[PDB]
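Structure file work-v6.txt (compact mmCIF, C-alpha atoms and all ligand atoms) follows.
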```
# COMPACT_ATOMS: atom_id res chain seq x y z
CA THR A 1 0.00 0.00 0.00
CA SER A 2 3.01 2.30 0.35
CA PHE A 3 5.86 3.31 -2.00
CA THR A 4 8.88 5.62 -1.67
CA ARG A 5 10.16 8.29 -4.08
CA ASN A 6 11.97 11.64 -4.26
CA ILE A 7 9.93 14.80 -4.85
CA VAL A 8 11.58 17.04 -7.44
CA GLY A 9 10.53 20.69 -7.87
CA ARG A 10 11.81 24.17 -8.62
CA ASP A 11 14.98 24.27 -10.72
CA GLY A 12 15.28 20.47 -10.41
CA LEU A 13 16.04 20.55 -6.65
CA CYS A 14 14.37 18.12 -4.22
CA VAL A 15 12.13 18.34 -1.17
CA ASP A 16 14.49 17.79 1.77
CA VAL A 17 14.07 17.80 5.56
CA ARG A 18 16.52 20.59 6.58
CA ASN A 19 19.94 19.24 7.77
CA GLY A 20 18.60 15.66 8.03
CA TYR A 21 16.99 16.45 11.42
CA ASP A 22 13.92 14.41 12.40
CA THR A 23 13.00 16.66 15.26
CA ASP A 24 9.34 17.66 15.22
CA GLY A 25 8.91 20.97 13.41
CA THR A 26 12.00 20.82 11.21
CA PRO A 27 11.20 22.79 7.96
CA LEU A 28 11.20 21.27 4.53
CA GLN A 29 13.53 23.00 2.00
CA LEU A 30 14.95 22.63 -1.48
CA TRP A 31 18.30 20.88 -1.74
CA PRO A 32 20.22 19.19 -4.56
CA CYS A 33 18.73 15.76 -5.19
CA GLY A 34 20.21 12.60 -3.68
CA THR A 35 19.43 9.31 -1.96
CA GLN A 36 19.69 10.49 1.62
CA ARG A 37 16.79 9.44 3.84
CA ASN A 38 15.61 13.05 4.46
CA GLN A 39 14.77 13.23 0.70
CA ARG A 40 12.95 9.83 0.56
CA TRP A 41 9.20 10.26 0.85
CA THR A 42 6.78 7.34 1.43
CA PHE A 43 3.24 7.76 0.06
CA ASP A 44 0.59 5.79 1.92
CA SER A 45 -3.10 5.00 1.31
CA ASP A 46 -3.99 7.27 4.26
CA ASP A 47 -2.75 10.26 2.09
CA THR A 48 0.25 10.94 4.29
CA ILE A 49 3.72 11.60 2.88
CA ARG A 50 6.45 10.43 5.27
CA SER A 51 10.23 10.77 5.73
CA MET A 52 12.30 9.20 8.51
CA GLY A 53 9.00 7.80 9.92
CA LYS A 54 7.42 11.22 10.35
CA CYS A 55 4.83 13.15 8.36
CA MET A 56 5.00 16.07 5.98
CA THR A 57 2.90 18.52 8.03
CA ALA A 58 1.48 21.96 7.42
CA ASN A 59 2.48 24.05 10.43
CA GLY A 60 -0.83 25.88 10.16
CA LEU A 61 -3.23 26.05 7.29
CA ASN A 62 -2.88 29.70 6.28
CA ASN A 63 -1.40 31.31 3.17
CA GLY A 64 2.36 31.36 3.92
CA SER A 65 2.35 28.60 6.53
CA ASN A 66 5.53 26.60 6.71
CA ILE A 67 5.64 22.90 5.83
CA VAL A 68 7.57 20.78 8.31
CA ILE A 69 8.23 17.24 9.47
CA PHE A 70 6.14 16.11 12.48
CA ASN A 71 5.08 13.01 14.38
CA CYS A 72 2.13 11.53 12.43
CA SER A 73 0.12 10.50 15.44
CA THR A 74 0.36 13.83 17.32
CA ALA A 75 -0.01 16.24 14.36
CA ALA A 76 -3.44 17.61 13.43
CA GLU A 77 -5.18 15.16 11.03
CA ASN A 78 -6.06 18.01 8.61
CA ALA A 79 -2.38 19.03 8.45
CA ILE A 80 -0.92 15.71 7.39
CA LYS A 81 -3.10 14.78 4.43
CA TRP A 82 -1.91 15.59 0.88
CA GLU A 83 -3.04 14.80 -2.69
CA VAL A 84 -1.05 14.91 -5.90
CA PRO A 85 -3.04 16.41 -8.79
CA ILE A 86 -2.15 15.23 -12.22
CA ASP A 87 -0.87 18.69 -13.16
CA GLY A 88 1.97 18.31 -10.56
CA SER A 89 0.63 20.37 -7.65
CA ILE A 90 0.90 18.97 -4.15
CA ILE A 91 -2.18 20.09 -2.31
CA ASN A 92 -3.47 20.05 1.25
CA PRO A 93 -7.13 19.08 0.81
CA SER A 94 -8.50 20.78 3.92
CA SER A 95 -7.14 24.23 3.02
CA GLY A 96 -6.79 23.98 -0.79
CA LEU A 97 -3.38 25.55 -0.45
CA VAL A 98 -0.40 24.10 -2.36
CA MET A 99 3.28 23.41 -1.80
CA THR A 100 5.33 26.30 -3.00
CA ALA A 101 9.10 27.05 -3.30
CA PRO A 102 9.19 30.86 -3.00
CA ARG A 103 12.77 31.18 -4.33
CA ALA A 104 14.84 28.95 -6.65
CA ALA A 105 17.83 28.67 -4.35
CA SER A 106 18.96 25.64 -2.35
CA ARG A 107 17.83 26.11 1.25
CA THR A 108 14.57 27.81 0.27
CA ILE A 109 11.93 26.84 2.86
CA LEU A 110 8.70 25.42 1.48
CA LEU A 111 5.36 27.11 2.19
CA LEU A 112 1.65 26.47 1.68
CA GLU A 113 0.26 29.19 -0.52
CA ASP A 114 -2.70 30.12 -2.67
CA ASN A 115 -2.60 28.12 -5.89
CA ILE A 116 -1.63 30.35 -8.87
CA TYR A 117 -0.43 27.40 -10.99
CA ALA A 118 3.12 28.74 -10.84
CA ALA A 119 6.16 26.70 -11.89
CA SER A 120 7.29 27.27 -8.22
CA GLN A 121 4.19 25.11 -7.33
CA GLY A 122 5.01 22.27 -9.76
CA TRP A 123 6.47 18.99 -8.45
CA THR A 124 7.20 15.48 -9.74
CA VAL A 125 7.09 12.36 -7.53
CA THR A 126 9.83 10.11 -8.99
CA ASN A 127 12.99 8.07 -8.40
CA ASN A 128 14.71 9.66 -11.45
CA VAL A 129 16.08 12.92 -10.08
CA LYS A 130 17.54 14.07 -13.38
CA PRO A 131 15.47 15.97 -15.99
CA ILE A 132 14.15 13.84 -18.84
CA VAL A 133 15.70 14.94 -22.21
CA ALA A 134 13.45 14.55 -25.24
CA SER A 135 12.34 15.78 -28.60
CA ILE A 136 8.79 17.13 -28.73
CA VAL A 137 7.18 15.95 -31.96
CA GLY A 138 3.93 17.60 -33.17
CA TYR A 139 2.09 18.75 -36.26
CA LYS A 140 3.19 17.11 -39.54
CA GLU A 141 5.65 15.03 -37.51
CA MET A 142 7.91 18.08 -37.13
CA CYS A 143 9.87 18.89 -33.95
CA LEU A 144 9.48 21.81 -31.57
CA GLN A 145 12.63 23.92 -31.73
CA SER A 146 14.02 26.78 -29.64
CA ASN A 147 15.57 29.71 -31.54
CA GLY A 148 17.24 31.47 -28.63
CA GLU A 149 16.28 33.56 -25.65
CA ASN A 150 13.47 36.11 -26.30
CA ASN A 151 12.52 34.52 -29.63
CA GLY A 152 9.52 32.35 -30.62
CA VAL A 153 9.69 28.60 -30.60
CA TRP A 154 8.59 26.96 -33.91
CA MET A 155 8.41 23.67 -35.82
CA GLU A 156 11.19 22.24 -37.92
CA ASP A 157 12.01 18.90 -39.62
CA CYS A 158 13.30 16.59 -36.85
CA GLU A 159 16.93 15.81 -36.74
CA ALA A 160 18.70 13.77 -34.14
CA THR A 161 21.70 16.22 -34.05
CA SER A 162 19.79 19.55 -33.50
CA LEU A 163 20.49 20.59 -29.92
CA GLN A 164 17.82 23.28 -30.19
CA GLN A 165 15.30 20.41 -30.65
CA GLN A 166 16.37 18.87 -27.29
CA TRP A 167 14.21 19.72 -24.25
CA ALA A 168 14.88 19.05 -20.58
CA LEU A 169 11.59 18.15 -18.84
CA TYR A 170 12.19 19.41 -15.31
CA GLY A 171 10.40 18.23 -12.18
CA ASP A 172 8.82 21.65 -11.58
CA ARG A 173 6.83 21.10 -14.84
CA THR A 174 8.97 23.46 -16.87
CA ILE A 175 10.20 22.65 -20.37
CA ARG A 176 13.77 23.86 -20.63
CA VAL A 177 16.31 24.36 -23.41
CA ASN A 178 18.52 21.32 -22.80
CA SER A 179 21.79 23.08 -23.70
CA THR A 180 20.87 26.21 -21.71
CA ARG A 181 18.85 25.06 -18.66
CA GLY A 182 18.20 28.52 -17.28
CA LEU A 183 15.82 29.10 -20.24
CA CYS A 184 12.08 28.00 -20.18
CA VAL A 185 9.31 27.63 -22.73
CA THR A 186 7.09 30.58 -21.78
CA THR A 187 3.72 31.86 -23.02
CA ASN A 188 3.82 35.65 -23.51
CA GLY A 189 0.48 36.09 -21.74
CA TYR A 190 -2.54 34.01 -20.73
CA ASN A 191 -4.90 34.90 -23.64
CA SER A 192 -5.78 32.98 -26.72
CA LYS A 193 -3.25 33.65 -29.51
CA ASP A 194 -0.44 34.72 -27.16
CA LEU A 195 2.89 33.61 -28.51
CA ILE A 196 5.14 30.91 -27.00
CA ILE A 197 8.74 32.05 -26.68
CA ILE A 198 11.95 31.16 -24.71
CA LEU A 199 12.68 33.30 -21.66
CA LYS A 200 14.78 33.00 -18.48
CA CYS A 201 13.10 30.65 -16.01
CA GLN A 202 11.45 32.70 -13.20
CA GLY A 203 9.05 30.23 -11.62
CA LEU A 204 6.01 31.85 -13.37
CA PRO A 205 2.61 30.42 -14.27
CA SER A 206 3.48 31.29 -17.84
CA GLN A 207 6.33 28.71 -17.63
CA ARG A 208 4.37 25.76 -16.26
CA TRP A 209 3.13 22.96 -18.58
CA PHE A 210 1.32 19.67 -18.31
CA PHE A 211 1.36 16.77 -20.86
CA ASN A 212 -2.23 15.47 -20.65
CA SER A 213 -3.66 12.11 -21.86
CA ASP A 214 -5.10 13.64 -25.09
CA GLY A 215 -1.65 14.55 -26.51
CA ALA A 216 -1.99 18.25 -25.56
CA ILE A 217 0.61 20.38 -23.75
CA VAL A 218 -1.50 22.43 -21.39
CA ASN A 219 -0.73 25.68 -19.55
CA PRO A 220 -2.73 25.17 -16.34
CA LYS A 221 -3.25 28.86 -15.43
CA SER A 222 -4.68 29.84 -18.84
CA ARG A 223 -6.27 26.41 -19.49
CA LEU A 224 -4.98 26.83 -23.06
CA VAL A 225 -2.78 24.43 -25.03
CA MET A 226 0.21 24.50 -27.39
CA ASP A 227 -0.98 25.11 -30.96
CA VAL A 228 0.82 25.49 -34.27
CA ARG A 229 -0.89 28.77 -35.37
CA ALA A 230 -3.46 28.32 -38.15
CA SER A 231 -2.05 24.81 -38.79
CA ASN A 232 0.62 26.69 -40.81
CA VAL A 233 4.17 25.70 -40.05
CA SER A 234 5.58 28.38 -42.35
CA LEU A 235 4.17 31.12 -40.04
CA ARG A 236 6.74 29.92 -37.46
CA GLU A 237 4.39 30.82 -34.62
CA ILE A 238 3.33 28.48 -31.81
CA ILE A 239 0.56 30.05 -29.65
CA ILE A 240 -1.67 29.03 -26.79
CA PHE A 241 -5.26 28.30 -27.86
CA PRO A 242 -8.26 26.41 -26.46
CA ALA A 243 -8.02 22.62 -26.81
CA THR A 244 -9.65 21.43 -30.06
CA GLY A 245 -8.22 17.91 -30.45
CA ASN A 246 -6.96 18.99 -33.94
CA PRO A 247 -3.63 17.73 -35.39
CA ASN A 248 -1.98 21.16 -34.83
CA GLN A 249 -2.34 20.64 -31.05
CA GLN A 250 -1.09 17.04 -30.81
CA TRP A 251 2.35 16.34 -29.33
CA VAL A 252 4.44 13.50 -28.05
CA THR A 253 7.77 13.28 -26.33
CA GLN A 254 10.49 11.11 -27.78
CA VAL A 255 13.34 10.39 -25.48
CA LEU A 256 16.82 11.13 -26.83
CA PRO A 257 19.97 8.97 -26.51
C1 LIG B 301 -0.71 34.62 -0.31
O1 LIG B 301 0.67 34.80 -0.11
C2 LIG B 301 1.35 35.28 -1.27
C3 LIG B 301 2.86 35.32 -1.01
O2 LIG B 301 3.13 36.28 0.02
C4 LIG B 301 0.81 36.64 -1.71
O3 LIG B 301 1.31 36.91 -2.99
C5 LIG B 301 2.36 37.90 -2.99
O4 LIG B 301 1.94 39.19 -2.61
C6 LIG B 301 3.02 40.08 -2.36
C7 LIG B 301 2.47 41.51 -2.30
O5 LIG B 301 1.83 41.71 -1.06
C8 LIG B 301 4.13 39.97 -3.41
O6 LIG B 301 5.26 39.37 -2.81
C9 LIG B 301 3.75 39.18 -4.67
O7 LIG B 301 3.02 40.01 -5.54
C10 LIG B 301 2.91 37.94 -4.41
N1 LIG B 301 3.65 36.72 -4.72
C11 LIG B 301 3.16 35.79 -5.55
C12 LIG B 301 4.17 34.98 -6.31
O8 LIG B 301 1.96 35.58 -5.71
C13 LIG B 301 -0.72 36.63 -1.83
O9 LIG B 301 -1.13 38.00 -1.97
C14 LIG B 301 -2.16 38.17 -2.97
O10 LIG B 301 -1.69 38.11 -4.31
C15 LIG B 301 -0.73 39.09 -4.67
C16 LIG B 301 -0.35 38.89 -6.14
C17 LIG B 301 -1.22 40.52 -4.40
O11 LIG B 301 -2.11 40.91 -5.43
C18 LIG B 301 -1.89 40.65 -3.02
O12 LIG B 301 -2.58 41.87 -2.92
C19 LIG B 301 -2.86 39.50 -2.74
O13 LIG B 301 -3.33 39.56 -1.41
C20 LIG B 301 -1.35 35.99 -0.60
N2 LIG B 301 -2.80 35.91 -0.75
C21 LIG B 301 -3.60 36.57 0.09
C22 LIG B 301 -5.02 36.09 0.18
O14 LIG B 301 -3.22 37.54 0.77
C1 LIG B 302 4.97 9.95 17.97
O1 LIG B 302 4.59 10.32 19.28
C2 LIG B 302 4.10 9.19 20.02
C3 LIG B 302 3.42 9.68 21.29
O2 LIG B 302 4.32 10.49 22.00
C4 LIG B 302 5.27 8.21 20.23
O3 LIG B 302 4.82 7.03 20.86
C5 LIG B 302 5.44 6.79 22.14
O4 LIG B 302 6.76 6.26 22.03
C6 LIG B 302 7.39 5.82 23.23
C7 LIG B 302 8.73 5.19 22.87
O5 LIG B 302 9.47 6.06 22.05
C8 LIG B 302 6.50 4.82 23.98
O6 LIG B 302 7.09 4.40 25.20
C9 LIG B 302 5.14 5.45 24.24
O7 LIG B 302 4.31 4.55 24.93
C10 LIG B 302 4.53 5.80 22.88
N1 LIG B 302 3.16 6.29 22.94
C11 LIG B 302 2.23 5.73 22.15
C12 LIG B 302 0.82 6.21 22.27
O8 LIG B 302 2.50 4.84 21.32
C13 LIG B 302 5.80 7.79 18.86
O9 LIG B 302 6.89 6.89 18.98
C14 LIG B 302 6.71 5.73 18.13
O10 LIG B 302 5.74 4.80 18.59
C15 LIG B 302 6.05 4.08 19.79
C16 LIG B 302 4.90 3.13 20.13
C17 LIG B 302 7.38 3.33 19.68
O11 LIG B 302 7.28 2.28 18.75
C18 LIG B 302 8.48 4.29 19.22
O12 LIG B 302 9.67 3.58 19.01
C19 LIG B 302 8.05 5.01 17.94
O13 LIG B 302 9.05 5.93 17.55
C20 LIG B 302 6.16 9.02 18.01
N2 LIG B 302 6.57 8.62 16.67
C21 LIG B 302 7.81 8.76 16.20
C22 LIG B 302 8.10 8.20 14.84
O14 LIG B 302 8.71 9.32 16.83
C1 LIG B 303 21.39 17.76 -22.43
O1 LIG B 303 22.16 18.56 -21.56
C2 LIG B 303 22.91 17.83 -20.61
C3 LIG B 303 23.40 18.75 -19.49
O2 LIG B 303 24.28 19.66 -20.08
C4 LIG B 303 24.03 17.06 -21.29
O3 LIG B 303 24.59 16.19 -20.28
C5 LIG B 303 26.00 16.25 -19.94
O4 LIG B 303 26.66 15.39 -20.84
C6 LIG B 303 28.06 15.29 -20.59
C7 LIG B 303 28.73 14.51 -21.72
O5 LIG B 303 28.02 13.31 -21.90
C8 LIG B 303 28.26 14.62 -19.24
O6 LIG B 303 29.64 14.49 -18.98
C9 LIG B 303 27.61 15.46 -18.14
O7 LIG B 303 27.65 14.78 -16.91
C10 LIG B 303 26.15 15.77 -18.49
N1 LIG B 303 25.65 16.72 -17.51
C11 LIG B 303 24.56 16.53 -16.77
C12 LIG B 303 24.26 17.59 -15.74
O8 LIG B 303 23.78 15.57 -16.88
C13 LIG B 303 23.40 16.23 -22.44
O9 LIG B 303 24.38 15.67 -23.32
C14 LIG B 303 22.40 17.02 -23.32
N2 LIG B 303 21.78 16.20 -24.35
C15 LIG B 303 21.08 15.11 -24.07
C16 LIG B 303 20.52 14.39 -25.28
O10 LIG B 303 20.83 14.75 -22.91
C1 LIG B 304 1.04 30.11 -44.25
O1 LIG B 304 1.97 31.08 -43.78
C2 LIG B 304 2.79 31.67 -44.79
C3 LIG B 304 3.73 32.68 -44.14
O2 LIG B 304 2.99 33.82 -43.80
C4 LIG B 304 1.95 32.32 -45.90
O3 LIG B 304 2.80 32.75 -46.95
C5 LIG B 304 0.92 31.32 -46.41
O4 LIG B 304 0.11 31.91 -47.39
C6 LIG B 304 0.11 30.86 -45.20
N1 LIG B 304 -1.11 30.13 -45.55
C7 LIG B 304 -1.15 28.88 -45.99
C8 LIG B 304 -2.53 28.30 -46.20
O5 LIG B 304 -0.15 28.20 -46.22
```
Can the structure from this file be put into structure tokens for me?
Ligand SMILES: *[C@@H]1O[C@H](CO)[C@@H](O[C@@H]2O[C@H](CO)[C@@H](O)[C@H](O)[C@H]2NC(C)=O)[C@H](O[C@@H]2O[C@@H](C)[C@@H](O)[C@@H](O)[C@@H]2O)[C@H]1NC(C)=O
Ligand SMILES: *[C@@H]1O[C@H](CO)[C@@H](O[C@@H]2O[C@H](CO)[C@@H](O)[C@H](O)[C@H]2NC(C)=O)[C@H](O[C@@H]2O[C@@H](C)[C@@H](O)[C@@H](O)[C@@H]2O)[C@H]1NC(C)=O
Ligand SMILES: *[C@@H]1O[C@H](CO)[C@@H](O[C@@H]2O[C@H](CO)[C@@H](O)[C@H](O)[C@H]2NC(C)=O)[C@H](O)[C@H]1NC(C)=O
Ligand SMILES: *[C@@H]1O[C@H](CO)[C@@H](O)[C@H](O)[C@H]1NC(C)=O
Amino acid sequence: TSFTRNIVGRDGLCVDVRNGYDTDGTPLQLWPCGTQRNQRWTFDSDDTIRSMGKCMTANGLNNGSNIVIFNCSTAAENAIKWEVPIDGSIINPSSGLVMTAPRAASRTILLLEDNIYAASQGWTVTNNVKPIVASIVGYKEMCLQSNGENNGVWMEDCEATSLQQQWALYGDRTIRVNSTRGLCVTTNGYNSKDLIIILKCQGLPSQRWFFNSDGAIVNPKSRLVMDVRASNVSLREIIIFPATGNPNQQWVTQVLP
């Protein structure tokens, strides 16, 4: 009924009990990923998430409350239950608040905050603590390609050698330029027809993505999906647009060697 994984989030760092202490009340933080026991989280059918035999616990259920480790039997029941939405949030059901890394740096302390679907609120429960590196193949079997910081992404004929067709799929639900991992696929607004470009990763809702079961790449805040504009590759414009199920919005990842 239980299984154990790392939890990877902002900038590819992991959820870590600060300094390996199991004392009740010790904050959770970001720290570079590893196998140490204070980064190994056991998910149970009672919706608890445990490390070193203690529970991930909201120290209060307010916006900005700290998340800590605490004895499972003595903590408040409402403070120790968590769900894991398919879009990569980690949510406390009682409060509706979500796990958030307010800064990218190692040693950032994790907080419960209002859900704004930010990349700083995206997490991946996994034993692979390295980003997955893949092509993203879409309309007409062409590949998504980055064309540098501040420019639009667009489709091109796939080629195994193009580094600008290689994407690092990070645990915080960002899609990064593999050769330049400080750069993020970013929608330039939350409205239909806004352009998708590459920008410096900043933890924003504009930089968070979800690969859903219909082949779409969804931006949770806008609700809108990746779309090759007007089904016209020659425009060299990828936008966000409502999900239509059409070929111009279908994508798959293909892992690279
Ligand atoms: C919940 O906590 C959040 C983090 O402190 C608040 O958002 C932050 O508000 C600050 C300004 O007072 C500022 O640091 C940031 O704009 C913002 N941070 C992020 C990433 O959201 C949030 O405050 C609300 O939302 C912000 C955007 C402002 O518009 C405030 O006026 C809002 O109150 C907190 N929510 C509540 C209910 O206070
Ligand atoms: C969580 O807090 C519990 C209540 O304070 C701890 O249980 C107590 O542990 C004592 C030995 O450490 C034991 O003599 C007490 O009778 C017991 N109280 C109860 C109600 O069980 C608990 O410690 C764990 O559970 C006990 C039963 C022993 O197996 C300990 O070795 C366990 O650590 C605390 N949990 C943790 C993980 O610290
Ligand atoms: C994606 O980028 C990564 C990170 O720069 C590349 O991985 C490095 O590859 C070199 C040579 O094989 C290794 O010595 C390093 O250890 C790697 N670094 C890390 C942090 O993993 C990788 O080659 C790129 N391309 C692919 C397809 O993954
Ligand atoms: C596609 O986009 C290109 C570039 O603007 C344009 O020349 C062409 O007419 C567009 N329409 C179609 C149907 O290809």
Name the residues in contact with stretch 141-143 of chain A at a cut-off of 12 Å, using all atoms listed in the file, excluding same-chain residues fewer than 3 positions from it; report them as a ChimeraX atom specification. /A:134-138,146,153-160,162-167,228,232-234,236,238,247-254
Find the spatial neighbours of residue A:220, counting all atoms listed in the file, within a cut-off of 10 Å - ignore same-chain residues fewer than 4 positions away - and output them as a PyMOL selection string. chain A and resi 87+116-118+190+205-210+224-225
Nearby polymer residues, ligand LIG 302 (chain B), at most 10 Å, all atoms listed in the file, as a list in words: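 Checking all atoms listed in the file against ligand LIG 302 (chain B) at 10 Å gives residues 22, 23, 24, 50, 51, 52, 53, 54, 55, 70, 71, 72, 73, 74 and 75 of chain A.
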Excluding stretch 186-188 of chain A and its own-chain neighbours fewer than 6 positions away, which residues fall within 8 Å of it when counting only C-alpha atoms? Please give them as a short mmCIF file (atom, residue, chain, number, x, y, z; two decimals) with C-alpha atoms, in the frame of the given file.
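Here's the written file part-v4.cif:
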```cif
data_model
loop_
_atom_site.label_atom_id
_atom_site.label_comp_id
_atom_site.auth_asym_id
_atom_site.auth_seq_id
_atom_site.Cartn_x
_atom_site.Cartn_y
_atom_site.Cartn_z
CA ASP A 194 -0.44 34.72 -27.16
CA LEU A 195 2.89 33.61 -28.51
CA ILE A 196 5.14 30.91 -27.00
CA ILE A 197 8.74 32.05 -26.68
CA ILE A 198 11.95 31.16 -24.71
CA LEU A 199 12.68 33.30 -21.66
CA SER A 206 3.48 31.29 -17.84
CA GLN A 207 6.33 28.71 -17.63
CA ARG A 208 4.37 25.76 -16.26
CA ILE A 239 0.56 30.05 -29.65
CA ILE A 240 -1.67 29.03 -26.79
#
```
Residues of chain A within 10 Å of ligand LIG 301 (chain B): nearest atom pair and distance (Å, one decimal) for each, counting all atoms listed in the file, sorted by chain and number, as CSV?
```
residue,atom,partner,partner_atom,distance
A:62,CA,B:LIG301,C1,8.5
A:63,CA,B:LIG301,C1,4.9
A:64,CA,B:LIG301,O1,5.6
A:65,CA,B:LIG301,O1,9.2
A:97,CA,B:LIG301,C1,9.5
A:100,CA,B:LIG301,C12,9.4
A:101,CA,B:LIG301,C12,9.8
A:102,CA,B:LIG301,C12,7.3
A:103,CA,B:LIG301,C12,9.6
A:111,CA,B:LIG301,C3,9.2
A:112,CA,B:LIG301,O1,8.6
A:113,CA,B:LIG301,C1,5.5
A:114,CA,B:LIG301,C1,5.5
A:115,CA,B:LIG301,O8,8.7
A:116,CA,B:LIG301,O8,7.1
A:118,CA,B:LIG301,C12,7.8
A:120,CA,B:LIG301,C12,8.5
A:121,CA,B:LIG301,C12,9.9
A:203,CA,B:LIG301,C12,8.6
A:204,CA,B:LIG301,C12,7.9
A:205,CA,B:LIG301,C12,9.3
```
Shell of 8 Å around ligand LIG 303 (chain B) (only C-alpha atoms and all ligand atoms), written as a VMD selection string: chain A and resid 130 132 to 134 163 166 to 168 178 to 181 256 to 257
Considering all atoms listed in the file, can you say which of A:106, A:174, A:68, A:29 comes closest to residue A:131? A:174
Considering only C-alpha atoms and all ligand atoms, state which residue in the set A:243, A:56, A:14, A:230 is at the smallest distance from ligand LIG 304 (chain B).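 Closest to ligand LIG 304 (chain B), using only C-alpha atoms and all ligand atoms: A:230.
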Using only the atoms of ligand LIG 304 (chain B) listed in the file, plus 5 Å on each side, state the axis-aligned box centre and edge lengths in Å rounded to one decimal, as JSON.
```
{"center_x": 0.6, "center_y": 31.0, "center_z": -45.6, "size_x": 16.3, "size_y": 15.6, "size_z": 13.6}
```
Point-to-point distance from atom CA of residue A:123 to atom CA of residue A:8, Å rounded to tenths: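 So the answer is 5.6 Å.
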From the set A:11, A:76, A:85, A:126, which residue has the shortest atom-to-atom contact distance to residue A:40, counting only C-alpha atoms?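 The shortest atom-to-atom distance to residue A:40 comes from A:126.
Here atom CA of residue A:108 and atom CA of residue A:10 stand 10.0 Å from one another.
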